[PDB]
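Presented below is the structure to which this report refers.
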Amino acid sequence: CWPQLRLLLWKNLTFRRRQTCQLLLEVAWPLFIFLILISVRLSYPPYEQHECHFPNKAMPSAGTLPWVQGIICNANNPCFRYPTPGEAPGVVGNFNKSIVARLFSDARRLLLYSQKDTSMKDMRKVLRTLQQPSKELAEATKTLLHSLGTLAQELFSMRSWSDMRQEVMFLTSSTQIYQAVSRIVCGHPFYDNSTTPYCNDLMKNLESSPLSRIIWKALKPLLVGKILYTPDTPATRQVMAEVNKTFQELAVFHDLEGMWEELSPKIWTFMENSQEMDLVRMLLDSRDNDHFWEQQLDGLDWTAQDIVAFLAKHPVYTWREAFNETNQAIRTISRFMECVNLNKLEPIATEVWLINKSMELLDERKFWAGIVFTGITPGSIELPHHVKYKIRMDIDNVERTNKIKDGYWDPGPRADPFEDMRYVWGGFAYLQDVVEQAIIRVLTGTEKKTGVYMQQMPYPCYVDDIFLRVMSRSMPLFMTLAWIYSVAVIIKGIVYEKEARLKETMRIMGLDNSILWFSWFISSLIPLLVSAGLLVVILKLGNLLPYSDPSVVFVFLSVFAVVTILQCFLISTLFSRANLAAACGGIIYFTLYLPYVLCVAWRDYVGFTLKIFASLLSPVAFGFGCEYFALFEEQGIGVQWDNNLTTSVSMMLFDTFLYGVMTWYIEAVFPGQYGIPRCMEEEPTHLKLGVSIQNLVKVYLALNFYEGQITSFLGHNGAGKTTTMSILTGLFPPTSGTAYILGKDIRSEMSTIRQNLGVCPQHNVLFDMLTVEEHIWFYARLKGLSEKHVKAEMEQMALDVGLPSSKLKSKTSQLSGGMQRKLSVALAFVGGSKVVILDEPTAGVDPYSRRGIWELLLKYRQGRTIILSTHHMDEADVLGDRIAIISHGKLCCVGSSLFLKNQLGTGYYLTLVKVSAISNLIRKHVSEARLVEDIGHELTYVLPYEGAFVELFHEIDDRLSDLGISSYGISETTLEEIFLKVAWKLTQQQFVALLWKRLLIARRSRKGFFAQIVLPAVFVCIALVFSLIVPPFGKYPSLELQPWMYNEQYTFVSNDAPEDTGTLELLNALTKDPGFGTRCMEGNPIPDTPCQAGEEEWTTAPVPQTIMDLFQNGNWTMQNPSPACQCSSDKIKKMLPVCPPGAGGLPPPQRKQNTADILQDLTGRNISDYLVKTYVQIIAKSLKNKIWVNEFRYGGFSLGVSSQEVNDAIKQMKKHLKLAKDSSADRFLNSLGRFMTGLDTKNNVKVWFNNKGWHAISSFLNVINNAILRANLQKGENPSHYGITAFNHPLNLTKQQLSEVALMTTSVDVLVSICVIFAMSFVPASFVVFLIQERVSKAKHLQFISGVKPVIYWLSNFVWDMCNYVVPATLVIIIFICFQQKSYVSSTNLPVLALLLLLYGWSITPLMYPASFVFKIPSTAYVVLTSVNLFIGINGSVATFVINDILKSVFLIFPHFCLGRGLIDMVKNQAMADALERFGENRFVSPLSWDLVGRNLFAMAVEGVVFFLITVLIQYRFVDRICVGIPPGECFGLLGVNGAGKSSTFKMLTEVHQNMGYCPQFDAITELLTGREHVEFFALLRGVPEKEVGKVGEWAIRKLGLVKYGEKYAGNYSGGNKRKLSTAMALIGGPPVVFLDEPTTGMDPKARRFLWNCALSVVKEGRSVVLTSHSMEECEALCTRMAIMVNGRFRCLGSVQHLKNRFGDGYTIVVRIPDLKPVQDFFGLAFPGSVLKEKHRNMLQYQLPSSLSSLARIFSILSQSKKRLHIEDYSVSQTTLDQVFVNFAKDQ
Ligand SMILES: *[C@@H]1O[C@H](CO)[C@@H](O[C@@H]2O[C@H](CO)[C@@H](O[C@@H]3O[C@H](CO[C@@H]4O[C@H](CO)[C@@H](O)[C@H](O)[C@@H]4O)[C@@H](O)[C@H](O[C@@H]4O[C@H](CO)[C@@H](O)[C@H](O)[C@@H]4O)[C@@H]3O)[C@H](O)[C@H]2NC(C)=O)[C@H](O)[C@H]1NC(C)=O
Ligand SMILES: *[C@@H]1O[C@H](CO)[C@@H](O[C@@H]2O[C@H](CO)[C@@H](O)[C@H](O)[C@H]2NC(C)=O)[C@H](O)[C@H]1NC(C)=O
Ligand SMILES: CC(C)CCC[C@@H](C)[C@H]1CC[C@H]2[C@@H]3CC=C4C[C@@H](O)CC[C@]4(C)[C@H]3CC[C@]12C
Ligand SMILES: *[C@@H]1O[C@H](CO)[C@@H](O)[C@H](O)[C@H]1NC(C)=O
Ligand SMILES: *[C@@H]1O[C@H](CO)[C@@H](O)[C@H](O)[C@H]1NC(C)=O
């Protein structure tokens, strides 16, 4: 058992080693694939990003100055990496150090001090009293001194103007300006025709200044934009007037220039020539006032000396420089604010005019967003209590509304300042908040009393390694390609071993399929394990899968190799061709891998039971395991032994078991064309009996085979000798019979029988890539011989074979057919087998190797029980010692050759070579004589039988010169007799005939290649159906801003400073009956979301034993309230950090708010740390369960706490000091007072928003605005039906975006075009494979032999190919015109596409014609042509992606590229015309224009023409004195030596064409055509009449027989029937000379005689024939004038008898008498040339050379010694023709 496994493994290893061409590619392909993989890996490094927070943005309602400050500097998401103070629950600042805020606060302080100041009036009163020592003078002076000291302190304590002037002077190197502006504004981390060109050049410089050009993108729609709204309802007018007030709040700088121009001369003369200033300067310099100023300064800067130097200066810094600087600053700020359009309000009547005006303003490049209301009628009614409004803005400034989420999840806070922040810099949130605040103010009356801020939630220290994810979630493809190559190789090997019938012989040799499958398994698993180990090595070292144990991945790859090995064992039993299976395995495994990518996209609704029932394949389970590996690898923890993956391994093992069972079943139920689906002479007792059959029978005989005799076994192959020989072997069991083979019953023991019983079937067994010595060694080891015994047997076999040389012993299977057959028949004798069963030896080999094999067989006659079974007569005659014939399953005759020939055989055959005279002489010499047959220069007679022989031969030899007889001959009866006795318009005719034949061969192929019609149909159907799934990619529907667009989310509300001031009522109205927003309130005014009504429970989730450790780890202050968390340590790359328990610290109270979501109170908790830890831990827990984790929370609120005095003070100040009512003084003061009172906020809210949700910030802003509105509502009936809804609907796209979408749709266009190109390329594949089938010596050369004019052949082929491509063209046209694809079904795009497909077919059908020329194998050009067509399609797709002019000019040669570009340009022009019609114009550029489409049509047409021409061109490519005369009726058989070039001479020697007929050596018939139609087509091509064609066909079908099977498929016939059809084809036209070649190959008796009779008859009609073969019996029975060709020249010619007598050997005699030596002694003494050819018991044979002319005396001596030697039987024969042939071949 095990030794056989060892031999099988050795054979497999030798097959692997000797190739030296497959294993190197096998080891290089995975290396190359994964080298490309690692090269791609080393190009994308892992991106690490620290955790950070984002500053809070301020809306316009929270103050104009903080809003502008938030716009200006902190507009980039700086990613602080540390919690900003803005995220603190109490403070909302971060502008502590803002010098502008300090300047404004100092200005407010100066104002409020001046209005409460009395120094001016006190100084005036003191001056009046002094002008009108004293008593009250001292008190007045003291009060004035104190007042002026306080004023000096106040004026010096501002400290803001100093920094402002220093910074503006330093500004008037790249980073210094940025640092200065950042320190100034906040803390520390064609247009020239419209307006004046000054600020045009300013904005040009802003766009060209080398800084972050993002602040300009945010400031452009703010100071240049322009808004417009719905019809002029008075309430809409009121809300727009409120918005206008909010806008003009910042217009204080507009009327400041007039104020300065009006106040400058007054303050100038006040500081120049006023008595008050002179008195102040006088009092500032004294002897006692200096100490007063020193005491009042409190040691501050700007002492009294500096004050006196600055103020008192009539002619180094006085007030004049400050005055000039302030004047210049005012000039600059006025010139800046001049072109700032603060009147951006335009009322519009209708919505269509709204859209038109917005588009016009967009063309004018000055257009901000636009509000659209929903008023019911232009009435004075205030509001319908529920405002629905939309904000229409440009697309490039608003986030798209077609999607609300990125889809696939990926780490990253999504905080890019420009790419995904359009709701901030675009101005959407600003206008939204302004409109909501205006609506709130107009509904109730409260002005602002509310601030709003936006805070982005932080992110917990993530890293970006998307490449690792996409490569570990798509591992199977590149993990499987190399094994696809490996499985193709192993399938090629398996099917090659199975096709050659080697497995059948292995089974016959005494083996079971189990050990073969095991050996194949081991031999294919060893290199797969090697490759798996190497891949584990290259993956671990590649740094692409760190922290992954090599052992577990190695075991995984080993199980994968095992399951793929069993899968290929499954797939191999369905194919019976090596290359076909090797090419189809790859595509079949690709098809089996596709379900994985098909199921991975629909993972949202896939069931575990569906996963199991779909895991019946190997690639899907491997992909699941790889997904497990990826999920456990991405987080850095790796994969280890931790007890999914186990389920995947179990499913893979179940798949292995299922594949094994499927193999075990299919190998038995459906095998190949060779498997089995589930007058008796004296018996010589001188030798031992080896095989004794006894009463053998089957389902609808007894012989005794002996040891030393080579017994023959003849039969009709239908009545026996086929199932009897199989029953003698182990193929089929017996049926009520027994046969003791060498003393062992067949049914008793079959193992010991096969141990000493060789076999040699017709199909030789010789493995390729091996030596004959290794063959003998392997067969001897399989026999069971020892080492020394095997060596001795190999030496003996090499000595007896005849090739004892290293040039042949160490060479591969390269010898000629002769030595190959000799070695194959000698192999059956290795091991010393005592019983051998041959089958058809020397079937089609030359007579020389036949004699050699005969000698080799006779050398093994010393007791081996050779059982011959052949259809040849001479072989079984000269080899068979006991001929036995059976018929009707019963034994008929048995005995020696002489016994069978003299018991029932006819008399002698006497021939004469060159008629009534000789006939009468023979009749007078012998009465029972007759004239058998007379041929050209020959005559035969029969002597049916004895002294008449002597007298007749004497009379013949005496009167020989009388007649024309030149030589005589005598022969015995051959065994074949005993076997038979016992059991012009011709061009149009050829055109229509070819068309008819091809039409029939296409019609009768319904079961055949009919898929070439429905397969392109189903593929184009799949394509056009998939084309109806991709969205139009250019739509933006009306989206409603509501936070519940996401299914589930966690909200939260944090109430800071709970003192009931202004926050408690707001937070209450946020969580009352109306809920969060507009979800459900007296109905559900939101579609597809009715709110869950019943839930009210303020509870805390059950906490595990972590509160314990939280208690024992006390002192958890506000700072560090929870244990820390580590992330991204060195050499440990973690996608998301892992934190210990107690991440948040305490589960907050959870409660549902009846809106399909749950809120948790976060009062007094650190919001940032809690959010970070909860988010990271929840995301980890969610991704742990393989759910494709989505987002968790989106938004929350933090409500906290941060006037008329300044307004009243400004009013009182304006009342005095030269009050007036001009448009320069009152306007500026009122605007400044409004700006001052529009900056204070009592209470505020901070909306925490996640940016992963595209529509989260706006929805939560709407929610908080609705909450504010419902809270500010007073004494209402109920807050239910009071609410606002915000919509987002962009405007229509313009020409630019239309061009962009027409450019980006080309991807889907080429995607749908590629599959059509692939599906349309399957029609010419059938044509080319049919041409290949007809090209290999079948019909092309045969039709070329007759007059066919080969150009007409290709012409008719092209015609039918066009006519047959017409059908699927119209079919697919109808199929995908049924679909409403306006790009194709239009009245202007249908004919162009129609003739585009037509010309594509016309150009593609001749392109694959020359590919059939050099291709000597059928049924495999299909796959390679499909592959190269796919490659051309990929090339055309790449060229379309894109020097382009020459590219599109030279790439028009490929018709696939032509059709692709045609479809692309067609859909492009369709989309362009549709867009132009949408915009309101009309373009009618026809697709048939020469430049666009039509150049491709002409190119494809001329390409088809030139391809047909070059195909015609390729076909045309632009012996020693052979002399013989063939008269009428001369069968001039021209034999030759081995390799004499008979086929070449036949092809050279072949009006003359029409006068010659050919019969191919190989069968030539269409497998799907009919029998009668073959000869009908060949008669049509011969030149017979159209009406007599049926008569000629009937004559041809009746002449050669087979009339019972005349109407059937030629492919379903047999060898004899195929040869009959072939020889009938050569007579359908009736030429004078018919050239035949091997008419009988593998045929049977009672059928060869039929063809021989037909040949003799067609010769007898005066028509000479010419044939050649190897069987010399056929030549001697058919030919009449031989022509032997030794080396190029005719070495011998003449009749058969003349050649047999001239150069032939002597006669041969056989005598029959235990025995006596005296008879042999007398026989040897009688003849001098007697030679003992064979000596047996009671039977002798001898040869007489050079003594044939004395046959009369030979017969006389025989008749004399008949009574003396007591001989029982005599026989005398002449030398056969095969002896003459082997003699001529020996002396060469
Ligand atoms: C909620 O919970 C978070 C943490 O989960 C708390 O945030 C912590 O508190 C501060 C932010 O509010 C952070 O303090 C900063 O730490 C920086 C780190 O630099 C080193 O810090 C270590 C101590 O950990 C020192 O030994 C080193 O010498 C380094 O200084 C400081 O650099 C930073 O100092 C600032 O520097 C800037 C620029 O120079 C100055 O302008 C500024 O005035 C200040 O000096 C500052 O001290 C703290 O790191 C942060 N994280 C942790 C783990 O503590 C929140 O505070 C909690 N919420 C509330 C309301 O408390
Ligand atoms: C809306 O506000 C703008 C300014 O914010 C007002 O326009 C002012 O008045 C006229 C034009 O109407 C101009 O001469 C002024 O220069 C504009 N600006 C200022 C600062 O006065 C406009 O009148 C307002 N419209 C409504 C309906 O209130
Ligand atoms: C035209 C004048 C009278 C009205 C404007 C007030 C300006 C000019 C006065 C009022 C207060 C003064 C400032 C108060 C003190 C300082 C701090 C010192 O380190 C630089 C000078 C500086 C900054 C003074 C410059 C001049 C000053 C800014
Ligand atoms: C900065 O913050 C502190 C809080 O410690 C506050 O007292 C101060 O007024 C702030 N500065 C401002 C608002 O300019
Ligand atoms: C804008 O697009 C809508 C969508 O159908 C269309 O009805 C409307 O007429 C378009 N308006 C303009 C001005 O193109």
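Residues are named by chain letter and number: chains run A, B, ... in the order of the structure tokens, numbers start at 1 in each chain, and ligands are numbered from 1 in the order shown.
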
Practice item. Could you give me, as JSON, numbers by chain, the residues within 12 Å of residue 163 in chain A, counting only C-alpha atoms and dropping anything in the same chain fewer than 6 positions from it? Key: {"A": [97, 98, 99, 100, 102, 103, 169, 170, 180, 183, 184]}

Suppose we keep C-alpha atoms; can you now write the selection as a CSV table (one decimal), in the first residue's frame?
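What ended up in result_18.csv:
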chain,number,residue,atom,x,y,z
A,97,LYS,CA,-6.7,89.7,25.2
A,98,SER,CA,-8.4,91.2,22.1
A,99,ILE,CA,-7.1,94.7,21.8
A,100,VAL,CA,-10.2,95.8,19.8
A,102,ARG,CA,-10.2,96.4,25.1
A,103,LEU,CA,-10.4,99.6,23.0
A,169,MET,CA,2.6,101.7,12.4
A,170,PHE,CA,4.5,98.4,12.5
A,180,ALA,CA,0.4,91.3,14.0
A,183,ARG,CA,-2.6,89.9,17.9
A,184,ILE,CA,-4.8,92.8,16.7

So which residues are near ligand 3, meaning at most 7 Å away with only C-alpha atoms and all ligand atoms counted, given back as an mmCIF file with C-alpha atoms, in the first residue's frame?
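Produced file pocket10.cif, reproduced below:
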data_model
loop_
_atom_site.group_PDB
_atom_site.id
_atom_site.type_symbol
_atom_site.label_atom_id
_atom_site.label_comp_id
_atom_site.auth_asym_id
_atom_site.auth_seq_id
_atom_site.Cartn_x
_atom_site.Cartn_y
_atom_site.Cartn_z
ATOM 1 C CA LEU A 155 -7.344 109.012 30.290
ATOM 2 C CA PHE A 156 -4.064 107.285 31.162
ATOM 3 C CA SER A 157 -5.598 103.965 32.247
ATOM 4 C CA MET A 158 -6.955 103.141 28.768
ATOM 5 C CA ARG A 159 -3.630 101.840 27.377
ATOM 6 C CA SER A 160 -5.376 100.714 24.164
ATOM 7 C CA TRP A 161 -4.536 103.536 21.734
ATOM 8 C CA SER A 162 -0.829 102.958 22.392
ATOM 9 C CA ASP A 163 -0.949 99.327 21.263
ATOM 10 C CA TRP A 302 2.899 109.561 31.538
ATOM 11 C CA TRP A 319 -1.892 116.502 19.972
ATOM 12 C CA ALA A 322 -2.505 112.431 17.027
ATOM 13 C CA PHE A 323 -5.123 114.603 15.307
#

Exercise for review: Please write out the residues within 8 Å of ligand 5 as a PyMOL selection string, counting only C-alpha atoms and all ligand atoms.
Suggested key: chain A and resi 352-353+355-356+359+1291-1292+1478-1480

Point to revise | Residue contacts of residue 518 in chain A (10 Å, only C-alpha atoms) excluding same-chain residues fewer than 4 positions away, as a list in words | key: residues 5, 8, 9, 513, 514, 522, 523 and 524 of chain A

Exercise for review: Grab the CA of residue 880 in chain A to CA of residue 868 in chain A distance for me, in Å with one decimal place.
Suggested key: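 The value is 7.4 Å.
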
Around ligand 2, out to 6 Å and counting only C-alpha atoms and all ligand atoms, which residues are there? I want them as a PDB file with N, CA and C atoms, in the first residue's frame.
ATOM      1  N   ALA A 241     -37.436  94.122   7.407  1.00  0.00           N
ATOM      2  CA  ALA A 241     -36.966  95.352   8.037  1.00  0.00           C
ATOM      3  C   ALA A 241     -36.197  95.049   9.315  1.00  0.00           C
ATOM      4  N   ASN A 244     -32.922  93.929   8.197  1.00  0.00           N
ATOM      5  CA  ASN A 244     -32.175  95.097   7.744  1.00  0.00           C
ATOM      6  C   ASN A 244     -31.613  95.882   8.920  1.00  0.00           C
ATOM      7  N   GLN A 248     -27.721  96.684   9.420  1.00  0.00           N
ATOM      8  CA  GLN A 248     -27.229  98.045   9.597  1.00  0.00           C
ATOM      9  C   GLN A 248     -26.736  98.318  11.010  1.00  0.00           C
ATOM     10  N   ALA A 251     -23.362  99.611  10.780  1.00  0.00           N
ATOM     11  CA  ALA A 251     -23.175 100.742   9.879  1.00  0.00           C
ATOM     12  C   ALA A 251     -22.734 102.014  10.597  1.00  0.00           C
ATOM     13  N   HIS A 254     -20.322 104.340   8.609  1.00  0.00           N
ATOM     14  CA  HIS A 254     -20.781 105.017   7.400  1.00  0.00           C
ATOM     15  C   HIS A 254     -20.877 106.523   7.614  1.00  0.00           C
ATOM     16  N   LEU A 342     -24.325  97.760   2.172  1.00  0.00           N
ATOM     17  CA  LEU A 342     -25.131  97.432   3.339  1.00  0.00           C
ATOM     18  C   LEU A 342     -26.626  97.592   3.081  1.00  0.00           C
ATOM     19  N   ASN A 343     -27.032  97.680   1.817  1.00  0.00           N
ATOM     20  CA  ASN A 343     -28.432  97.785   1.422  1.00  0.00           C
ATOM     21  C   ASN A 343     -28.856  96.562   0.614  1.00  0.00           C
TER      22      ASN A 343
END

Exercise for review: Please write out the residues within 7 Å of ligand 1 as a ChimeraX atom specification, counting only C-alpha atoms and all ligand atoms.
Suggested key: /A:82-85,88-89,1118-1121,1166-1169

Only N, CA, C and O atoms, please: the residues just picked out, written as an mmCIF file, in the first residue's frame.
data_model
loop_
_atom_site.group_PDB
_atom_site.id
_atom_site.type_symbol
_atom_site.label_atom_id
_atom_site.label_comp_id
_atom_site.auth_asym_id
_atom_site.auth_seq_id
_atom_site.Cartn_x
_atom_site.Cartn_y
_atom_site.Cartn_z
ATOM 1 N N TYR A 82 -5.599 71.097 22.920
ATOM 2 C CA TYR A 82 -5.894 71.248 24.336
ATOM 3 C C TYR A 82 -7.251 71.931 24.471
ATOM 4 O O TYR A 82 -7.622 72.742 23.600
ATOM 5 N N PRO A 83 -8.017 71.624 25.526
ATOM 6 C CA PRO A 83 -9.358 72.212 25.664
ATOM 7 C C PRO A 83 -9.341 73.730 25.728
ATOM 8 O O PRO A 83 -8.784 74.317 26.661
ATOM 9 N N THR A 84 -9.946 74.371 24.732
ATOM 10 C CA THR A 84 -10.048 75.819 24.732
ATOM 11 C C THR A 84 -10.972 76.272 25.864
ATOM 12 O O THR A 84 -11.900 75.553 26.246
ATOM 13 N N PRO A 85 -10.723 77.451 26.440
ATOM 14 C CA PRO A 85 -11.623 77.954 27.492
ATOM 15 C C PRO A 85 -13.052 78.167 27.021
ATOM 16 O O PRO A 85 -13.955 78.251 27.861
ATOM 17 N N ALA A 88 -15.441 75.528 28.223
ATOM 18 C CA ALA A 88 -15.790 75.487 29.632
ATOM 19 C C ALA A 88 -17.294 75.699 29.802
ATOM 20 O O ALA A 88 -17.918 76.433 29.029
ATOM 21 N N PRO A 89 -17.905 75.060 30.802
ATOM 22 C CA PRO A 89 -19.362 75.187 30.958
ATOM 23 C C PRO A 89 -19.811 76.581 31.357
ATOM 24 O O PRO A 89 -20.982 76.921 31.148
ATOM 25 N N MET A 1118 -12.880 68.830 39.034
ATOM 26 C CA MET A 1118 -13.327 69.178 37.689
ATOM 27 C C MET A 1118 -12.227 68.923 36.667
ATOM 28 O O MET A 1118 -12.485 68.390 35.581
ATOM 29 N N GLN A 1119 -10.994 69.297 36.997
ATOM 30 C CA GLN A 1119 -9.847 68.919 36.186
ATOM 31 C C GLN A 1119 -9.459 67.478 36.491
ATOM 32 O O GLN A 1119 -9.320 67.092 37.656
ATOM 33 N N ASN A 1120 -9.290 66.688 35.436
ATOM 34 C CA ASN A 1120 -9.065 65.251 35.542
ATOM 35 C C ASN A 1120 -10.183 64.578 36.344
ATOM 36 O O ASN A 1120 -9.958 64.119 37.470
ATOM 37 N N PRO A 1121 -11.404 64.519 35.802
ATOM 38 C CA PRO A 1121 -12.499 63.856 36.521
ATOM 39 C C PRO A 1121 -12.601 62.366 36.247
ATOM 40 O O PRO A 1121 -13.446 61.698 36.859
ATOM 41 N N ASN A 1166 -17.748 67.704 33.320
ATOM 42 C CA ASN A 1166 -16.807 68.154 32.296
ATOM 43 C C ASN A 1166 -17.279 67.620 30.950
ATOM 44 O O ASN A 1166 -17.240 66.415 30.696
ATOM 45 N N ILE A 1167 -17.733 68.524 30.081
ATOM 46 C CA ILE A 1167 -18.372 68.108 28.836
ATOM 47 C C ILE A 1167 -17.359 67.479 27.887
ATOM 48 O O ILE A 1167 -17.631 66.444 27.267
ATOM 49 N N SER A 1168 -16.175 68.083 27.763
ATOM 50 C CA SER A 1168 -15.197 67.619 26.783
ATOM 51 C C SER A 1168 -14.721 66.204 27.091
ATOM 52 O O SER A 1168 -14.747 65.323 26.222
ATOM 53 N N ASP A 1169 -14.273 65.971 28.327
ATOM 54 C CA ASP A 1169 -13.750 64.659 28.696
ATOM 55 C C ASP A 1169 -14.830 63.589 28.597
ATOM 56 O O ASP A 1169 -14.589 62.493 28.073
#

Check your understanding: Could you name the residues that touch residue 1579 in chain A at 6 Å or less, counting only C-alpha atoms, but leaving out those on the same chain fewer than 5 positions away, as a PyMOL selection string?
Key -> chain A and resi 1584+1628-1629

Practice item. Please provide the set of residues having any atom within 10 Å of residue 1674 in chain A, restricted to only C-alpha atoms, with same-chain residues fewer than 4 positions apart removed, written as a VMD selection string. Key: chain A and resid 1533 1638 to 1640 1648 to 1649 1652 1667 to 1670 1678 to 1679

Practice item. For range 1243-1246 of chain A, list every protein, DNA or RNA residue within 12 Å, evaluated using only C-alpha atoms, and leave out those in the same chain fewer than 4 positions away; present the list as number ranges by chain. Key: A: 55-59, 61-63, 86-93, 448-457, 1052-1067, 1070, 1167, 1195-1202, 1257, 1260-1261, 1263-1265, 1267-1268

Review point. Do you know which residues are at most 10 Å from residue 883 in chain A counting only C-alpha atoms, after dropping those on the same chain fewer than 6 positions away, and could you put them as a PyMOL selection string?
Key: chain A and resi 710-714+868+876-877+893-897+899-900+975

Include N, CA, C and O atoms and write out the residues we just selected as a compact mmCIF listing (two decimals), in the first residue's frame.
# COMPACT_ATOMS: atom_id res chain seq x y z
N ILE A 710 1.26 -19.26 -28.33
CA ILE A 710 0.69 -17.93 -28.52
C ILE A 710 -0.68 -18.09 -29.18
O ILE A 710 -0.79 -18.12 -30.41
N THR A 711 -1.72 -18.20 -28.36
CA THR A 711 -3.06 -18.44 -28.88
C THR A 711 -3.67 -17.15 -29.41
O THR A 711 -3.46 -16.07 -28.86
N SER A 712 -4.42 -17.26 -30.51
CA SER A 712 -5.11 -16.13 -31.10
C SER A 712 -6.57 -16.10 -30.63
O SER A 712 -7.10 -17.07 -30.09
N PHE A 713 -7.21 -14.95 -30.85
CA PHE A 713 -8.61 -14.78 -30.46
C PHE A 713 -9.24 -13.78 -31.43
O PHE A 713 -9.01 -12.57 -31.30
N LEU A 714 -10.01 -14.28 -32.38
CA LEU A 714 -10.65 -13.47 -33.40
C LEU A 714 -12.15 -13.35 -33.12
O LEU A 714 -12.74 -14.18 -32.41
N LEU A 868 -3.46 -13.27 -28.02
CA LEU A 868 -3.57 -12.22 -29.01
C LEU A 868 -5.03 -11.95 -29.36
O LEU A 868 -5.87 -12.84 -29.34
N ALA A 876 -2.27 -12.65 -36.99
CA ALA A 876 -2.81 -13.75 -36.21
C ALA A 876 -2.52 -15.11 -36.84
O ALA A 876 -2.62 -16.13 -36.15
N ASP A 877 -2.15 -15.15 -38.12
CA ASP A 877 -1.81 -16.41 -38.76
C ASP A 877 -0.37 -16.80 -38.46
O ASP A 877 -0.10 -17.93 -38.03
N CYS A 893 -15.05 -22.28 -34.01
CA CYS A 893 -13.93 -23.09 -34.46
C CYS A 893 -12.72 -22.83 -33.57
O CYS A 893 -12.55 -21.74 -33.02
N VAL A 894 -11.88 -23.85 -33.44
CA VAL A 894 -10.67 -23.76 -32.63
C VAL A 894 -9.66 -24.79 -33.12
O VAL A 894 -10.01 -25.94 -33.41
N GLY A 895 -8.40 -24.38 -33.24
CA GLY A 895 -7.36 -25.28 -33.71
C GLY A 895 -6.22 -24.57 -34.42
O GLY A 895 -6.23 -23.35 -34.55
N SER A 896 -5.24 -25.35 -34.87
CA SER A 896 -4.06 -24.78 -35.52
C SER A 896 -4.42 -24.20 -36.88
O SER A 896 -5.56 -24.28 -37.35
N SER A 897 -3.43 -23.60 -37.54
CA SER A 897 -3.66 -22.96 -38.83
C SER A 897 -3.90 -24.00 -39.92
O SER A 897 -4.82 -23.86 -40.73
N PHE A 899 -4.92 -27.12 -39.60
CA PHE A 899 -6.18 -27.81 -39.36
C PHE A 899 -7.37 -27.00 -39.85
O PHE A 899 -8.25 -27.53 -40.52
N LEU A 900 -7.40 -25.70 -39.53
CA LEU A 900 -8.50 -24.85 -39.98
C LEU A 900 -8.47 -24.64 -41.48
O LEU A 900 -9.52 -24.50 -42.11
N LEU A 975 -6.50 -16.82 -43.91
CA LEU A 975 -7.43 -16.97 -42.80
C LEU A 975 -8.65 -16.07 -42.96
O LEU A 975 -9.69 -16.30 -42.33

Review point. Looking only at the backbone, which of the residues in range 316-462 of chain A does DSSP tag as strand (DSSP E or B), as a list in words?
Key: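 After running DSSP on the backbone, range 316-462 of chain A has strand (DSSP E or B) at residues 345, 346, 347, 370, 371, 372, 386, 387, 388, 389, 390, 391, 392, 451, 452, 453, 454, 455, 456 and 459 of chain A.
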